[PDB]
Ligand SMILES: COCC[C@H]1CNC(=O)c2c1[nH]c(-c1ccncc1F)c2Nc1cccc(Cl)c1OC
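Shown below, as structure tokens, is a lone chain in the form solved without this ligand; questions about how it binds or moves come after it.
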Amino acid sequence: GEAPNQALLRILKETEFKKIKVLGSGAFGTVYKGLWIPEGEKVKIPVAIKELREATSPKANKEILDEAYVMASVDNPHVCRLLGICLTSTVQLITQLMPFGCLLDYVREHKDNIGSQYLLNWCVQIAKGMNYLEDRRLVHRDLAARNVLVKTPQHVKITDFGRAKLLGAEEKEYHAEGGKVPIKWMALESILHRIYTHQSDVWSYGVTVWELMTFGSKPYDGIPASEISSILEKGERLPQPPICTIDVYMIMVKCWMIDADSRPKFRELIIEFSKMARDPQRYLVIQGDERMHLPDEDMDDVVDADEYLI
């Protein structure tokens, strides 16, 4: 019962964007901060440009293109869109520049100046992003603070669609094949049976919120991933973070229930966190909260990709 996917995949010429600086590098390739300048449009768009190494396997290219396929098909304010791809000797993926980086890194770097209003807003925005993916019948399969990016301190987006799977309109579970997997973010059913669902994404949401609430701590730190599934069967979960009222923590705990259907729906998580976003000091207890404030390069013609629509 699926509608046709009429998303446009935009093919970019290399002459249309200029790389400025190197954000990061890898065997896979190097990511560049740059500007995209669409031909004859008098606009400059801050972008991140992923250029793969020429030493790339056809298995590797195949995987990245499926990621682009997913990224091109999504249109939501809390999900990263693929602007386009460039088919050069080495393939280049173009996405919206997220200047403040990884949300995991941001909370670690700024743990001193982050108040309860920001934390709850982020939980709301991530829930919306996931709720949207759920609407598109998508299962992310890798939700975690490392895969949320910061456009600005006030705006965050879900990213890393490498493990994402579309669900047949009929089907409710995706059954995986063996791979390297983010054990400590995974629903039990995923770990035991390689079963994934929107509810298994809810589990990971739960862990992702805990990362934020503990300003970037490592879940189940010092305990081997090989022992995680038994601990979960024993009924142990991550501990209540110091700043958390029982209200918030109760919500995380619900995400980690063994019966996936007993976990909350993303639309419910939206509701409950935004209720708390209204009176943040009531729900997160942070020292000197009411005092904290959170916020490089021809910027005349510069436009954010969020305002560049086609």
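Don't overthink the numbering: it's just position in the shown sequence, from 1.
For the step residue 297 to residue 298, what size class fits the number of deposited residues with no coordinates, none, 1 to 3, 4 to 9, or 10 or more?
1 to 3 residues lack coordinates between residue 297 and residue 298.
Check the residues of the deposited sequence separating residue 295 from residue 296 and report how many of them have no coordinates, as none, 1 to 3, 4 to 9, or 10 or more.
In the deposited sequence, 10 or more residues between these two have no coordinates.
Take the C-alpha B-factors listed in the entry for 160-168 and for 139-147, compute each mean, and give the stretch with the larger one.
Between 139-147 and 160-168, it is 160-168 that shows the higher mean C-alpha B-factor.
Quick check on the record: does 226-234 or 149-157 carry the larger mean Cα temperature factor?
Taking the mean C-alpha B-factor of 149-157 and of 226-234, the larger value falls to 226-234.
For the C-alpha B-factor as written in the entry, point me to the maximum among 124, 91, 107, 202.
Each of 124, 91, 107, 202 was compared by C-alpha B-factor; the highest is 91.
Sort 241, 280, 264, 58 by C-alpha B-factor from the entry and give me just the highest.
Within the set 241, 280, 264, 58, 58 shows the top C-alpha B-factor.
How does residue 219 rank on Cα B-factor within its chain, lowest, middle or highest third?
Answer is middle: the recorded C-alpha B-factor places it there.
Could you place residue 184 in the lowest, middle or highest third of its chain by Cα temperature factor, using the values in the record?
Within its chain, residue 184 is a middle-third residue by C-alpha B-factor, going by the deposited values.
Name the third of the chain's ranked CA B-factors that contains residue 27, choosing lowest, middle or highest.
Its C-alpha B-factor, which the entry lists for residue 27, ranks in the highest third among residues of this chain.
Based on the deposited C-alpha B factors for this chain, I'd like to know if residue 100 is in the lowest, middle or highest third.
CA B-factor rank for residue 100: lowest third.
Can you work out whether the C-alpha temperature factor of residue 50 puts it in the lowest, middle or highest third of the chain?
It belongs to the highest third of the chain when residues are ordered by C-alpha B-factor.
Unshown form deposited with this ligand bound; subsequent notes refer to it.
According to a 4.5 angstroms non-hydrogen atom cut-off, is residue 198 in contact with this ligand in the deposited complex?
Residue 198: no, not in contact with this ligand in the deposited complex.
Taking this ligand as it sits in the deposited complex, is residue 248 in contact with it (heavy atom to heavy atom, 4.5 Å or less)?
No, residue 248 sits far enough from this ligand in the deposited complex that none of its heavy atoms falls within 4.5 Å.
Would residue 82 count as a contact of this ligand in the deposited complex, using a 4.5 angstroms cut-off between non-hydrogen atoms?
Output for residue 82 is yes: heavy atoms within 4.5 Å of this ligand.
Looking at the partner-bound form in the deposited complex, is residue 252 within 4.5 Å of this ligand by any heavy atom?
It does not: once this ligand is placed as it appears in the deposited complex, residue 252 has no heavy atom within 4.5 Å of it.
Among the candidate residues 131, 95, 116, 214, which is the single one with a non-hydrogen atom no more than 4.5 Å from this ligand in the deposited complex?
It is 95.
Based on heavy atom distances of 4.5 Å or less, which listed stretch (229-237, 199-207, 123-131, 87-95) is in contact with this ligand in the deposited complex?
Only one stretch qualifies here: 87-95.
Give a yes or no on whether each residue among 50, 71 and 160 has a heavy atom within 4.5 Å of this ligand in the deposited complex.
Yes: 50, 71 and 160 each sit within 4.5 Å of this ligand in the deposited complex.
From first to last in sequence, which residues of 258-281 have any non-hydrogen atom within 4.5 angstroms of this ligand in the deposited complex?
Result: empty, none.
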